[PDB]
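The form deposited in one PDB entry is given below as one chain in C-alpha cells.
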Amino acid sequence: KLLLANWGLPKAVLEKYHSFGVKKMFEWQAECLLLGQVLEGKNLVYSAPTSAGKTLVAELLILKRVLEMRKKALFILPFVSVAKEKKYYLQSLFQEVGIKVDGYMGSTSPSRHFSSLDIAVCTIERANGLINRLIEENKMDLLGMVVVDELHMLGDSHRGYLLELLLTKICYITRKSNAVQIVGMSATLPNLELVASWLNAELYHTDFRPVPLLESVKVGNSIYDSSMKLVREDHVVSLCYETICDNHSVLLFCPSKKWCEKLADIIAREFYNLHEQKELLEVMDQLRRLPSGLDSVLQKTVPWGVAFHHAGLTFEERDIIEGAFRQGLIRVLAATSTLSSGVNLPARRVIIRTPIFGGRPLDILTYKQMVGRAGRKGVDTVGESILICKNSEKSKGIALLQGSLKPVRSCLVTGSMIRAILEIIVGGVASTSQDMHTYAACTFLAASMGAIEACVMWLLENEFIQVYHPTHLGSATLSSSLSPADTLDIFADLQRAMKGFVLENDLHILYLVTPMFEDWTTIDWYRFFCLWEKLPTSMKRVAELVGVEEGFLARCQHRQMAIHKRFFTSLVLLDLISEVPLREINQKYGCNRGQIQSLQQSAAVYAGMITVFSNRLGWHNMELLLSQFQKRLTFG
C-alpha cells in the first residue's frame, strides 16, 4: 500500500532510489496517483509538498507514458542549476533503465539528434524553441507528455507566459486535429480548479510537512508564535550561540551583500574576543590556490568564525562555500536572496532578520521560500524561523506570518499575445481569420472570463506576415528564438552595418554580438569619458559608425539609448579577448568582480544567435564575418 516497491515499477529504479536513502512514499503520492483516470491520458494537476518529494509523482508518471505510448516527454524547469541537477538525477535513473535523457540548459547543446530522445530536459526557452521548430516542420505527431514544473509562474513572471503559450498551442493543435498529457504541479493557490478545468484535468491539494515548523516572531526579549502565543538588542550572537552548542547548522538572511559580509565578520569579531579540523585546512589551501586568489575578509573567518556566500563570487569559490555546509566545518553564514531560490541548503534555525527586504515588504512567495529552507530529511526534529523586528513594522511581520498566495492571473495589445499568434500563422497552422478565432477560444484566458483582431494590425504595419502566409523576417524571428519586440532592434543593427563595415580591428564585430544590457550592472558615469577618450584611432572610428556619439554621454529615445548602452558592455569584452588579467579589468571599469564572469556566458550565446538571424533571411557575406569569430569570443 504505502510503499513504492509494492507498486509496479522497474527494479533498477527502486535500487537507485533506496541506495540514495529514499524510503516508503507518503499518503499524498497515493492520493495523487489514485484520483481516478489520472493514470490514463486524462491530465493531472497536484500540489504535493515541496520539501517532501513533490517531484516523485511526476517522475513515476513520466515512465508509464514513454514506455507504453513511446512518443516523447518534455521536462521544464525554471533555472539552469536545478535543471542540471535534475538532468544528472534523470540520467542516473533512466539511462540505467535505458530511456535517453537529454539536456538543453545553458550553453550546453544536446550534441545528438532530436529524433532519438525521449526525456529531453529544457529550461522553458529551449522547450519553446523545440516546440516551434517541430511545428514549423510538421512533426507534432511524436509527442506524448509535457511535464511542467512550478505552474504558478504562468501569471506573474518574465518566463511563465511562455509556459502558457506552449500549453494553449499544444492543446489547440491536438484537439483541432487526450493523446498528450500535460501533467504539472504548483505549490498552492486558491483557484487551482479553474486551472484544472482549462487543462481538462482533475485536482487534489494537500498540506502536510515532514518536519513540524515552529514559526515565530521575536520582539524585544520574548518569542511569540503565529497565533499570538508566548512560548519562551538584536541578540543574534546569543541566538547563534544557543544553536551551535547542539552540533547543528545555523543560517541568517540579509538584505544586501555589503551587509551580508560585514555581519558575518562583525559576529566573528564578537566571537573571537570572547574566546572539526581535518578538512578545515583543506579549504584554506583551496582559497590561496585559486586562479584569482583575492583572499578578502572571507579568508579570515573561513576556519574560525562566520563567512558569507552570495552571487557576487566566482562560480567555483561561491559553490565551494556551499560544499563545506554539506559536510561540516563552517556553520553560520549570511546569504541574501542567493539561497532563497538558488540552491537548497537546510539549516536548523533561519533568521530572516529585517521584515522589509530591499526597501519593500518581503514577498509571500519569497518569505515562504526563505522559511522552507529549514528542516532536514529526519536528521533534525523541528524547524524554526525567527523574524527580528522592533516597534515599527509590527503589522508587517504578523500579516506576512498569516498570509496566502494570490490567484493565478493570465497576463493577456500585449507583447505576450503578439508572440502568441506569430508562432502559428508563421507555422502554417492557423491561416484563416475565422479559424484564427478558434485558437484564441481555447486559451487559458477563455477559462478566466476584440483585441485579437488588432493583433494582426501590428503585424502588418511592422513587416511580419503577408489568407496569411509567412515571410522572410517573420520566419527569421522564430528560428533565432527571440521575442518580436527584440527583432526590431537587432534588425536595425544589421542593416546599418552593411554600409561601411570596418575589418581591421575587432570592435565592430563585437558590437553586433554583445547582449543588449539585461541589467547586468549599473553604468558608472564620469568613468566612461576617462576610458573612452583614450582609445586608439582605430577603435574610435568604429564607435562613430555604429551610433555612439559624443552628444549623449555625460551631456545630460529608446533607439538612441540602446545603441549607447551597448557600447559599455562591448568594451568590457575587449579586454577579455586580449588576455588582460582579471585583476585590473574589474577595477578600471569599476564593475563588480561577480558580474564580469557572468558576461562571458551571456556573450557566447548572443554571438551564435545573430548568424542564424541572417541564415533564415539570406545574407552570405555577413555570415562569414560573424561565424568566424563566435569561437574566439568564447576563449578568454
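Each form is matched to the other, and the largest set of C-alpha atoms that superpose within 1.5 Å is called the rigid core. In case it trips you up, residue 1 is the first one in the sequence shown, and so on.
Not pictured, yet referred to below: the form deposited with a small molecule bound.
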| property | result |
| --- | --- |
| Residue among 565, 205, 86, 540 with a heavy atom within 4.5 Å of the small molecule in the deposited bound form | 86 |
| Candidate from 620, 24, 18, 11 lying within 4.5 Å of the small molecule in the deposited bound form - any heavy atom | 24 |
| is_contact(residue 54, the small molecule) in the deposited bound form, heavy atom dist at most 4.5 Å | yes |
| is_contact(residue 102, the small molecule) in the deposited bound form, heavy atom dist at most 4.5 Å | no |
| is_contact(residue 149, the small molecule) in the deposited bound form, heavy atom dist at most 4.5 Å | yes |
| Contact flag, residue 29 vs the small molecule in the deposited bound form, heavy atom cut 4.5 Å | yes |
| All of 50, 82 and 344 with a heavy atom within 4.5 Å of the small molecule in the deposited bound form | yes |
| One stretch from 31 to 39, 54 to 62, 592 to 600, 579 to 587 that, in the deposited bound form, holds residues within 4.5 Å of the small molecule by heavy atom | 54 to 62 |
| Position with Cα shift of 2 Å or more, rigid core superposed between this form and the one not shown, options 76, 306, 199, 459 | 306 |
| Residue 619: Cα shift of 2 Å or greater between this form and the one not shown (core-aligned) | yes |
| Core fit, then residue 60 C-alpha moves 2 Å or more between this form and the one not shown | no |
| Core-superposed C-alpha of residue 270 shifting 2 Å or more between this form and the one not shown | yes |
